[PDB]
Amino acid sequence: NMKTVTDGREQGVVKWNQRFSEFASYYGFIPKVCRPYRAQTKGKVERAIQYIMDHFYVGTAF
DNA sequence: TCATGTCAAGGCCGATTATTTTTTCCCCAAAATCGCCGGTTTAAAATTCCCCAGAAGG
């Protein structure tokens with residue numbers, strides 16, 4: 001639930017940001033939002049974040 | 001058909017490979033210990049030879 005993709009739960013239903021909704025309709029992909037304060041529903045990407053931040057960005061210097 | 005947690009690393013165990021140390025086996029030579037047989041010595045037991053008494057036979 002990022003404000004760059006939504007604008008709050010209008011009584012349970014989600015209100016999509018108009019510009020982002022236009023962007024999604026342009027590329028055709030349907031957006032979805034998991035839920036407030038529940039990151040389990042997107043465990044794949046969070047675990048990938050753990051993977052990258054404990055494998056790549058641990059000692060690499062730039 | 002919605003929404004819905006997933007992946008990697010670390011630790012432990014087992015098996016395999018490599019290195020080192022210890023123990024055993026086989027063959028030969030020398031020394032020591034043990035076993036068997038024979039001979040010698042000691043102790044105990046058996047047999048035969050002379051005079052006194054008793055019993056039996058002619």
# chains A, B, ... in the order shown; residues from 1 in each chain; ligands from 1
>>> select_by_dssp(residues="chain A", states="strand (DSSP E or B)", output="PyMOL selection string")
chain A and resi 6-10+13-16
>>> write_last_selection(atoms="C-alpha atoms", output="mmCIF file, in the first residue's frame")
data_model
loop_
_atom_site.group_PDB
_atom_site.id
_atom_site.type_symbol
_atom_site.label_atom_id
_atom_site.label_comp_id
_atom_site.auth_asym_id
_atom_site.auth_seq_id
_atom_site.Cartn_x
_atom_site.Cartn_y
_atom_site.Cartn_z
ATOM 1 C CA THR A 6 -3.115 3.972 -4.067
ATOM 2 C CA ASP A 7 -4.690 6.718 -1.969
ATOM 3 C CA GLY A 8 -6.115 4.757 0.968
ATOM 4 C CA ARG A 9 -8.861 2.216 1.596
ATOM 5 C CA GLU A 10 -12.163 3.940 0.784
ATOM 6 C CA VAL A 13 -12.169 -0.793 -1.334
ATOM 7 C CA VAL A 14 -8.911 0.593 -2.721
ATOM 8 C CA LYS A 15 -8.670 3.888 -4.607
ATOM 9 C CA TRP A 16 -6.017 3.729 -7.318
#
>>> closest_atom_pairs(of="chain A", to="chain B", cutoff="9 Å", atoms="only C-alpha atoms (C1' of nucleotides)", output="CSV")
residue,atom,partner,partner_atom,distance
A:34,CA,B:3,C1',8.4
A:39,CA,B:5,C1',8.4
A:40,CA,B:5,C1',4.8
A:41,CA,B:5,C1',6.1
A:42,CA,B:5,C1',6.8
A:43,CA,B:5,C1',4.4
A:44,CA,B:6,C1',5.4
A:45,CA,B:6,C1',8.7
A:46,CA,B:6,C1',8.6
A:47,CA,B:6,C1',6.4
A:48,CA,B:7,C1',7.7
A:51,CA,B:8,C1',7.2
>>> select_by_dssp(residues="segment 6-57 of chain A", states="helix (DSSP H, G or I)", output="list in words")
residues 18, 19, 20, 21, 22, 23, 24, 25, 26, 27, 40, 41, 42, 43, 44, 45, 46, 47, 48, 49, 50, 51, 52, 53, 54 and 55 of chain A
>>> write_last_selection(atoms="N, CA and C atoms", output="tab-separated table (two decimals), in the first residue's frame")
chain	number	residue	atom	x	y	z
A	18	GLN	N	-4.68	7.99	-9.95
A	18	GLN	CA	-5.18	8.13	-11.31
A	18	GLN	C	-4.06	7.99	-12.33
A	19	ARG	N	-2.92	8.63	-12.08
A	19	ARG	CA	-1.80	8.52	-13.02
A	19	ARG	C	-1.29	7.09	-13.08
A	20	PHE	N	-1.15	6.43	-11.93
A	20	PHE	CA	-0.67	5.05	-11.92
A	20	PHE	C	-1.69	4.12	-12.57
A	21	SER	N	-2.98	4.38	-12.35
A	21	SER	CA	-4.00	3.59	-13.02
A	21	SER	C	-3.91	3.74	-14.53
A	22	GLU	N	-3.69	4.97	-15.01
A	22	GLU	CA	-3.50	5.18	-16.44
A	22	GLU	C	-2.27	4.42	-16.93
A	23	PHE	N	-1.19	4.46	-16.16
A	23	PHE	CA	0.02	3.73	-16.54
A	23	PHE	C	-0.26	2.23	-16.67
A	24	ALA	N	-0.97	1.67	-15.69
A	24	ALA	CA	-1.27	0.25	-15.71
A	24	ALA	C	-2.15	-0.10	-16.90
A	25	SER	N	-3.19	0.70	-17.14
A	25	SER	CA	-4.04	0.46	-18.30
A	25	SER	C	-3.25	0.58	-19.59
A	26	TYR	N	-2.21	1.41	-19.59
A	26	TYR	CA	-1.39	1.56	-20.79
A	26	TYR	C	-0.58	0.31	-21.05
A	27	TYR	N	0.06	-0.23	-20.01
A	27	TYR	CA	0.81	-1.46	-20.18
A	27	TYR	C	-0.05	-2.71	-20.02
A	40	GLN	N	3.33	-10.84	4.29
A	40	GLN	CA	3.48	-12.25	3.96
A	40	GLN	C	2.98	-12.53	2.55
A	41	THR	N	1.90	-11.86	2.14
A	41	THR	CA	1.27	-12.14	0.86
A	41	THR	C	2.24	-11.95	-0.30
A	42	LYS	N	3.33	-11.22	-0.09
A	42	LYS	CA	4.33	-11.00	-1.13
A	42	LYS	C	5.67	-11.55	-0.67
A	43	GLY	N	5.66	-12.75	-0.10
A	43	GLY	CA	6.87	-13.30	0.48
A	43	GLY	C	7.99	-13.51	-0.53
A	44	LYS	N	7.64	-13.77	-1.79
A	44	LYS	CA	8.67	-14.03	-2.79
A	44	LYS	C	9.65	-12.87	-2.87
A	45	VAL	N	9.12	-11.65	-3.03
A	45	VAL	CA	9.98	-10.50	-3.24
A	45	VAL	C	10.69	-10.09	-1.96
A	46	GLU	N	10.04	-10.22	-0.80
A	46	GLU	CA	10.73	-9.91	0.45
A	46	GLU	C	11.89	-10.86	0.69
A	47	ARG	N	11.70	-12.15	0.40
A	47	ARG	CA	12.78	-13.10	0.57
A	47	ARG	C	13.88	-12.87	-0.45
A	48	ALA	N	13.51	-12.45	-1.66
A	48	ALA	CA	14.52	-12.05	-2.64
A	48	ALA	C	15.30	-10.83	-2.16
A	49	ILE	N	14.63	-9.91	-1.47
A	49	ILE	CA	15.32	-8.76	-0.89
A	49	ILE	C	16.32	-9.22	0.15
A	50	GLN	N	15.92	-10.18	1.00
A	50	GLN	CA	16.85	-10.71	1.99
A	50	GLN	C	18.03	-11.37	1.30
A	51	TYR	N	17.76	-12.13	0.25
A	51	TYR	CA	18.81	-12.78	-0.53
A	51	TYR	C	19.81	-11.75	-1.05
A	52	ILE	N	19.31	-10.70	-1.69
A	52	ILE	CA	20.20	-9.72	-2.31
A	52	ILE	C	20.97	-8.94	-1.25
A	53	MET	N	20.32	-8.56	-0.16
A	53	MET	CA	20.96	-7.73	0.85
A	53	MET	C	21.88	-8.53	1.77
A	54	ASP	N	21.80	-9.86	1.76
A	54	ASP	CA	22.76	-10.68	2.48
A	54	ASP	C	23.77	-11.37	1.58
A	55	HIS	N	23.63	-11.25	0.26
A	55	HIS	CA	24.56	-11.87	-0.67
A	55	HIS	C	25.34	-10.85	-1.49
>>> atom_distance(atom1="atom CA of residue 30 of chain A", atom2="atom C1' of residue 2 of chain B")
13.8 Å
>>> atom_distance(atom1="atom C1' of residue 11 of chain B", atom2="atom CA of residue 58 of chain A")
21.6 Å
